[PDB]
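# Chain and residue survey
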Amino acid sequence: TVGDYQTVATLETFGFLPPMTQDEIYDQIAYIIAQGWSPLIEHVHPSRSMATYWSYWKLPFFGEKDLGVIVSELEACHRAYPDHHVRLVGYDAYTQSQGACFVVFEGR
Amino acid sequence: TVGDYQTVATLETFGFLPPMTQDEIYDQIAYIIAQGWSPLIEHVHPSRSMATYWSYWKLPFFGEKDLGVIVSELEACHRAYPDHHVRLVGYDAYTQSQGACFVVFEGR
Amino acid sequence: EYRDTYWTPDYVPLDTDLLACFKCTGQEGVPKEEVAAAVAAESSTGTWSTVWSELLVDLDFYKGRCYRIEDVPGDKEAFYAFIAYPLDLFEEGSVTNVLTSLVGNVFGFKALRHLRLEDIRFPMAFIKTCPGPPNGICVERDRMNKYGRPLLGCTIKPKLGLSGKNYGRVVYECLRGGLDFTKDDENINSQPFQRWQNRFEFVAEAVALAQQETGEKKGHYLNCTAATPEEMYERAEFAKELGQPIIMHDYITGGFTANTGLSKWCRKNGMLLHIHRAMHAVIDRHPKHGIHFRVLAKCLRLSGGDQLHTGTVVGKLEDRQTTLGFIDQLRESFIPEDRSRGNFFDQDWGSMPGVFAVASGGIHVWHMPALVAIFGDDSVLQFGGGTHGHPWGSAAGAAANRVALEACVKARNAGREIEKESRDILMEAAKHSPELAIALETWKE
Ligand SMILES: O=C(O)[C@@](O)(COP(=O)(O)O)[C@H](O)[C@H](O)COP(=O)(O)O
Ligand SMILES: [Mg+2]
């Protein structure tokens, strides 16, 4: 029906766009590393999705300059938790903030 | 049993009377238009029935002088949402109030 | 009394001084050293007269001195006068005092035809006495959980007429469709057709019912500008009791005294403060008279407020170098000296948090790649009719900007040129959204 817009539940960033291709994850990870940030993986049960602290996996990749490891550490968190959201974060140590924060896997 | 009156859950206006015939909807709509008000259709899930804001469909019929369109825009909201209440409203622009407000379809 | 007791070409300003830049041109014939010396005098001691009392004081210590004369490039009768003021002339943590002293009187003085305050260097000894932003950029993103992208806003229209309940009706539609902020217009205070306890209460329901349906945190800057400070605090405390995250205030028309009292109320109560720069064009607009908006941005960062209107986007306020100049000063912690962006001084803010740069006024969907390339991520984008002006309503309108924003970000990250490939960052996005696909047809092109 047009035009009847239905409110949809989203995560936050990149939520209105379709799920990312493997090649898109490559370029977002490469951008995160090229800014000098630290990657960090999280996950929750989709019901606890509004908790203030998700769950780590396993420790932030401090000083990692290779994106071929993070694309394999993302299938590990997903296979270990096949009903969890899998978020990707980019830690900024000088500002104490996050330069990136987008869900990669949505939770089967 | 007489006389044991049982409390019944109602909407609000015209709730104590039986459901309206198609011909009754005609005359209420004609009255709403003849006062100069703007018709407006809403719907909710019968559980969210006490929300302060229902859901529009689609935009208020500003300056519509034909009741043969509103009787067809009421079966559309009903067919699109066959488990929703379907309310009929009459917007008053000078008083900023509602001159009419009665549920037409009850929610299958 | 002839001055050149305020013209010290050999002086080297201390690190505790408060410097200032004036773009000036005086009467015909008088040399520049005299006329800049008159600006030095009339903004500090305004003297020498001849009194018995002016010898009870060492007045060579409290005098303001002009240590540099430079020529405006592109003009001949004008010049730049750099003047240094001792730190003792001002009250601590008082921005109402620093302007009353500087611009309080010199603008009426008769020997100057044109005078413009261009810049001020504040010393670190003064900065640490002021309250500053109640939260800042990095704390606001923490409390709202919004990372990696600029924030989005809308200003509810019609400004004049809607009841407390119809207002909340339109607030609910823009929020539930993709935005995360809505705005009270500057006019909305407590008019007969819509009292403020009725607007505050029905907005609190439209915000709380859209936060739960989307699963994202949402807000609405409620205007707590009033006629008295007792009234302003009353609206602020109503809004906090309703569980609201953010409010709004007009600092130029409500005054710095009220703005600083509100800014320190927000720190003890954990609220955010959004600032509107009403009546700025009365002072700031004309290129030879008044104060630059840069100086009123520094005073705002010192007084408080986490977001400040910078506007104005049709298609922008226009040069870009001047705007990017004082966006640096609202956000960065150390800003070097660059004349192209009109920074005359090296300004260090130490550890004082930054302020969000709000762009506003007439943005539409084709302006996103130019407003993401210019402003970056620590920006808010606020349209008035960009959301509401969509053929299918206010929720389908917000859903089209949120799709076009997230398509411009994800193309900036991946190394593409957003402000240069704008049409394929958008037409390839409308292939996966019929709400944007129809928005691109309206506001063509
Ligand atoms: O002039 C325009 O282009 C708009 O009306 C949008 O028109 P459309 O609705 O047709 O897009 C602007 O939004 C307003 O002028 C000011 O912006 P705002 O009210 O958002 O502050
Ligand atoms: Mg424009």
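Each chain is numbered from 1 in the order of its written sequence, a scheme that can depart from the entry numbering, and any residue without coordinates is omitted. A letter from A marks each chain and a number from 1 marks each ligand, given out in the order of writing. Any value mentioned applies to the visible chains, which represent part of a larger assembly rather than the whole. Hydrogens and water molecules were not included; the side-chain quantities draw on all heavy atoms of the structure.

Going by the header, the method for this PDB entry is cryo-EM, and the resolution given is 2.87 Å.

### Side note on the overall build of chain C
Broken down by element type, chain C carries 17 helices and 15 strands. Each radius of gyration is computed over the set of C-alpha atoms, and the globule rule expresses the reference value as 2.2 Å times the number of residues to the power 0.38. A compact globule built from 445 residues would reach a C-alpha radius of gyration of about 22 Å, and chain C, at 24 Å, matches this within 12%. Each principal axis of the C-alpha distribution contributes one length, and for chain C these read about 75 × 50 × 35 Å. Computed by Shrake-Rupley with a 1.4 Å probe, the accessible areas treat only the displayed protein chains as cover when residues are assessed. Carbon together with sulfur atoms contributes 52% to the accessible area of chain C, which is approximately 17,500 Å² in total. The helix count covers DSSP runs of H or I at least four residues long, the strand count covers runs of E at least two residues long, and both are numbered beginning at the N terminus.

### Things to note about the site of ligand 1
All names here are of chain C. The environment of ligand 1 is formed by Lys157, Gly362, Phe383, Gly384, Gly385, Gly386, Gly389 and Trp443. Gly385 places a polar main-chain atom, nitrogen or oxygen, 2.4 Å from an oxygen atom of ligand 1. Residue composition of the shell around ligand 1, grouped by class: two nonpolar, five polar and one charged. Consider each residue's heavy atoms; a residue with any of them within 4 Å of a molecule or strand counts as near. Two N or O atoms form a polar contact when they lie within 3.5 Å of each other; inside protein one atom must be a possible hydrogen donor and the other a possible acceptor, and for residues adjacent in sequence the pair counts only when both atoms belong to side chains. For this classification, the nonpolar set comprises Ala, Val, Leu, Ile, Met, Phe, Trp, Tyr, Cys and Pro, the charged set comprises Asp, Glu, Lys and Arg, and every other residue, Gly included, is treated as polar.

### Brief notes about the interface of chain B and chain C
Every contact between the two is made by ten residues of chain B and, on the other side, 18 residues of chain C. The quantity reported as buried area is the accessible area (1.4 Å probe) lost by two parts once they are put together, taken as the sum for both. When chain B packs against chain C, the two sides together hide about 1,000 Å² of surface, and 48% of this comes from carbon and sulfur. It is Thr52, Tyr53 and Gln96 of chain B in chain B that bury the most area against chain C; as a group they hold 60% of the surface buried on that side. Salt-bridge contacts for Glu213 of chain C lead to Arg48 of chain B; the nearest nitrogen and oxygen are separated by 3.9 Å. Taken together, the connections running from chain B to chain C amount to five residue pairs in polar contact. Class assignment of the residues belonging to the side of chain B that touches chain C gives a composition of five nonpolar, three polar and two charged. In this description, contact between two residues means that some pair of their heavy atoms is separated by no more than 4.5 Å. Whenever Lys or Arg places a side-chain nitrogen within 4 Å of a carboxyl oxygen from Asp or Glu, that contact is recorded as a salt bridge.

### Regarding helix α4 (residues 137–144) of chain C
All names here are of chain C. Along α4, the residues classified as buried are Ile137, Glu140, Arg141 and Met144. Summarising the axial view, the buried residues of α4 lie within an arc of 100°, below the 170-degree limit, and thus occupy one face. Check the buried side of α4 and you find it contacts β5 (151–155), β6 (181–183), β9 (272–276), β11 (307–309), α12 (320–331) and β14 (356–360). One or two positions beyond α4, positive phi appears at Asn145, with a value near 65°. Exposed residues in this analysis have more than 50% of their type's maximum accessible area, buried residues have under 20%, and partly exposed residues fall in between, with area computed by a 1.4 Å probe over protein chains only. The arc in question is traced by the directions running from the helix axis to the C-beta atoms.

### Concerning the coordination of the magnesium ion (ligand 2)
Ideal donor angles around a metal are set by the shape: a four-donor tetrahedron calls for 109.5 degrees, a six-donor octahedron for 90 or 180 degrees. Within the protein, the magnesium ion (ligand 2) binds to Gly362 of chain C (O) and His367 of chain C (NE2); these donor distances fall in the range 2.3 to 2.8 Å. Given a relative accessible area of 48%, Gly362 of chain C falls into the partly exposed group. Here the coordinating atoms are restricted to nitrogen, oxygen and sulfur within 2.8 Å of the metal centre, or 3.2 Å for Na, K and Ca, and because water is not among them the sites may look incomplete.

### A few points about the pattern of salt bridges
For the structure shown, the criterion picks out 28 salt bridges over all chains. Here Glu42 of chain B ties to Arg87 of chain B by a salt bridge, and the two come within 2.6 Å at their closest N and O atoms. Placement of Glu42 of chain B in strand β1 (residues 38–44) and of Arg87 of chain B in strand β3 (residues 85–92) is noted, with a sequence separation of 45 residues between them. Given a relative accessible area of 6%, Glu42 of chain B falls into the buried group. By sharing partners, the salt bridges in this structure join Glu42 and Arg87 of chain B together with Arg169, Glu173 and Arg176 of chain C into a single network.

### Focus: the sheet that holds strand β2 (residues 55–57) of chain B
All names here are of chain B. Any two strands with at least two DSSP bridges between them are considered paired. Reading across the sheet, the four strands line up as β2-β1-β3-β4 and stay open at both edges, with antiparallel pairing between neighbours. Sheet topology places β2 and β4 (97–105) at the edges, where each strand pairs with a single neighbour. Averaged over neighbouring strand pairs, the angle between their axes works out to 35° when direction is ignored. Relative to β2, β1 runs antiparallel, the two sharing three bridges. Note on geometry: axes are lines fitted to C-alpha atoms, helical ones only across the stretch in contact, with angles between N-to-C directions running from 0 to 180 degrees.

### Topic: unusual backbone geometry
In this chain, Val2 of chain B is followed by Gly3 of chain B through a cis amide linkage whose omega measures -5°. Examined against the element boundaries, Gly3 of chain B turns out to sit in the segment before α1 (22–34). Between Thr47 of chain C and the following residue, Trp48 of chain C, the backbone shows a cis peptide bond with an omega angle of 20°. Note that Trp48 of chain C resides in the loop between α1 (32–42) and β2 (65–71). The backbone phi angle of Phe14 of chain B is positive, close to 60°, even though this residue is not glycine.

### Some details on the nonpolar core
Nonpolar side chains in soluble globular proteins generally cluster together in the buried interior. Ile247, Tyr251, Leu302 and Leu308 of chain C are the most contacted members of the largest nonpolar core, which totals 80 residues. Take this core: its biggest share by element is eight residues, from helix α6 (residues 196–214) of chain C. In this structure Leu302 of chain C touches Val95, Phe122, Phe126, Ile127, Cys130, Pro131, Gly132, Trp349 and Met352 of chain C, once residues within four positions along its chain are discounted. With 63 residues, the next largest nonpolar core counts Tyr5, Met20 and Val104 of chain A together with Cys408 of chain C among its residues. Residues enter a nonpolar core if they are buried and are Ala, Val, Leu, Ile, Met, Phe, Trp, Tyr or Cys, with the set joined through side-chain atoms within 4.5 Å.

### A short note on the interface of chain C and chain A
If you look at the interface, chain C gives 30 residues, while chain A gives 27 residues. Carbon and sulfur atoms make up 53% of the surface buried where chain C meets chain A, a total of about 2,500 Å² over both sides. For the pair chain C and chain A, the number of links is two salt bridges. Across the salt bridge formed by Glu12 of chain A and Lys146 of chain C, the nearest N and O atoms sit 3.5 Å from each other. Listing elements by their share of the side of chain C that touches chain A, those giving two or more residues are α4, α6 and α15 (395–413) of chain C. Examining the composition of the side of chain C that touches chain A, we find that eleven residues originate from one element, α15 of chain C, more than from any other.

### Remarks on the state of the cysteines
Residue and element names in this part refer to chain C. Here, a disulfide means two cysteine sulfur atoms that sit within 2.5 Å of each other. All chains considered together, the criterion is met by zero disulfides over all chains. Its sulfur unpaired, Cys24 is 10 Å from the next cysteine sulfur, which belongs to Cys66. Overall, the relative accessible area of 1% leaves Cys24 in the buried class.

### Comments concerning the UniProt feature "active site" (unreviewed entry) in chain C
Residue and element names in this part refer to chain C. UniProt positions are given in the numbering used here, feature names are shortened, and annotations may be inferred rather than shown by experiment. When the UniProt feature table is mapped to this numbering, "active site" (unreviewed entry) covers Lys157 and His276. Dropping the residues within four chain positions of it, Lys157 is found in contact with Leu162, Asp185, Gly384 and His388. Those residues within four positions of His276 in sequence are excluded, and the remaining contacts are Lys183, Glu186, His249, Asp250, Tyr251 and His309.

### Focus on the environment of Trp52 of chain C
Mapped onto the secondary structure, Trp52 of chain C falls in the loop between α1 and β2. When the C-alpha atoms of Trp52 of chain C and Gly305 of chain C are compared, they prove to be 46 Å apart, with 253 residues separating the residues in sequence.

### Re the sheet that holds strand β3 (residues 79–85) of chain C
All names here are of chain C. Here five strands make up an open sheet; going across it, the order is β2-β3-β1-β4-β10 and the pairing mixed. In the strand order of this sheet, the two ends are held by β2 and β10 (290–291), each with one partner. Inspection of the sheet shows strand β4 (residues 112–121) paired to β10 by two bridges, in the parallel sense. Considered in β10, the bridge of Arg116 is made with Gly290. Helix-sheet contacts for helix α11 (residues 293–303) involve β4 and β10, and the interaxial angle to β4 is about 40°.

### What to know about the pairing of strand β1 (residues 18–26) of chain C
Residues and elements named next belong to chain C. Counting buried positions over the nine residues of β1 gives nine, a clear majority of the element. Because side chains alternate across β1, one face comprises the buried residues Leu18, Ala20, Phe22, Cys24 and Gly26, and the other comprises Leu19, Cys21, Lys23 and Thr25, equally buried. Pairing of β1 with β3 involves seven bridges; the strand directions are antiparallel. Of the residues in β3, the one forming a bridge with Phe22 is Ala81. Sheet topology places β1 next to β4; eight bridges connect them, and they run antiparallel. Bridging across to β4, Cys24 finds its partner in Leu115.

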